[PDB]
Ligand SMILES: OC[C@H]1O[C@@H](O[C@@H]2[C@@H](O)[C@H](O[C@@H]3[C@@H](O)[C@H](O[C@@H]4[C@@H](O)[C@@H](O[C@@H]5[C@@H](O)[C@H](O[C@@H]6[C@@H](O)[C@H](O)O[C@H](CO)[C@H]6O)O[C@H](CO)[C@H]5O)O[C@H](CO)[C@H]4O)O[C@H](CO)[C@H]3O)O[C@H](CO)[C@H]2O)[C@H](O)[C@@H](O)[C@@H]1O
Ligand code: NA
Ligand code: NA
């Protein structure tokens, strides 16, 4: 029941959430994406076990708006900030790109939260999966 951070975690495989919804994605691979994301929403992924230090994160994302950013925290949605990535407009809700942002994560078993931040005036983005790099 540990999750491997160095292979893809599907955004839809969350253990808790606030304010989000899932739909079938068009992206390469099939499955679902999360969506209907607004400033302040989040998703929690339990038991993410890092065996080596991570220095970046890759997120598969889409946006039909000015976009927003993804905060990586642990423990809780107001837990320590380990990194972020900004998701830009990408042309569409189903126009997928892979962004990358720096993180600093020591070895450890964490509850990983992706907290979504941006303007309250529009939905921010869709997310499909993510994976870390050492
Ligand atoms: O269908 C499933 C999906 O549903 C999603 O929910 C959406 C909901 O958010 C939407 O509400 C709209 C809202 O999105 C809109 O906000 C404006 C933004 O779109 C924003 O975007 C501009 C963007 O428009 C522009 O994009 C185009 C370009 O990229 C393209 O290639 O070409 C055309 C030219 O012909 C371009 O126009 O890109 C610019 C950057 O260059 C970007 O800033 O701009 C403004 C801010 O200025 C936002 O206000 O606003 C509307 C208010 O009227 C809302 O109606 O509604 C749809 C349909 O009802 C709804 O489905 C979920 O969030 C999602 O997860 C799910 O997948
Ligand atoms: Na939402
Ligand atoms: Na997915």
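All of the numbers you see were taken from the coordinates with simple rules; none came from a lab. Cβ coordinates were reconstructed from backbone atoms using ideal geometry, including for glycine residues, and neighbour counts include every protein chain displayed.
If the condition is being within 16 Å of ligand 1 (Cβ to nearest atom) and either within 29 Å of residue 106 (Cβ to Cβ) or surrounded by 20 or more Cβ atoms within 10 Å (Cβ to Cβ) (or both), then region 28-55 contributes 33, 34, 35, 37, 39, 40, 41, 42, 43.
Hey, can you tell me all the residues within region 119-134 that are surrounded by fewer than 23 Cβ atoms within 10 Å (Cβ to Cβ) and away from ligand 3 (no atom under 16 Å from the Cβ)? Those that are surrounded by fewer than 23 Cβ atoms within 10 Å (Cβ to Cβ) and away from ligand 3 (no atom under 16 Å from the Cβ): 119, 120, 121, 122, 123, 133, 134. Residues considered: 103, 87, 61. Of these, the only one that is closer than 19 Å to residue 133 by Cα, in contact (Cβ under 8 Å) with a residue 12 or more places away in the chain and more than 16 Å from ligand 1 (Cβ to nearest atom) is 103.
Out of region 14-25, which residues are assigned to a loop (DSSP other than H, G, I, E, B) and surrounded by 15 or more Cβ atoms within 10 Å (Cβ to Cβ)? Passing the criteria: 14, 20, 25. Does any residue of region 4-19 turn out to be within 11 Å of the chain's Cα centre (by Cα), near ligand 3 (Cβ under 10 Å from one of its atoms) and under 11 Å from residue 112 (Cβ atoms)? Within region 4-19, one or more residues are within 11 Å of the chain's Cα centre (by Cα), near ligand 3 (Cβ under 10 Å from one of its atoms) and under 11 Å from residue 112 (Cβ atoms). Taking region 66-81 as the range and being over 14 Å from residue 42 (Cβ atoms) and surrounded by 17 or more Cβ atoms within 10 Å (Cβ to Cβ) as the test, only 67 passes. All of (1) without any contact (Cβ under 8 Å) to a residue 60 or more places away in the chain; (2) within 16 Å of ligand 2 (Cβ to nearest atom) hold for residue 13 with one exception: (2). The number of residues in region 28-51 being under 25 Å from residue 75 (Cβ atoms) and more than 16 Å from ligand 2 (Cβ to nearest atom) comes to 7. Counting only strands (runs of 3 or more DSSP E) wholly contained in region 54-134, the ones carrying 3 or more residues that are within 21 Å of residue 8 (Cβ to Cβ) and more than 14 Å from the chain's Cα centre (by Cα) occupy 92-105, 108-117.
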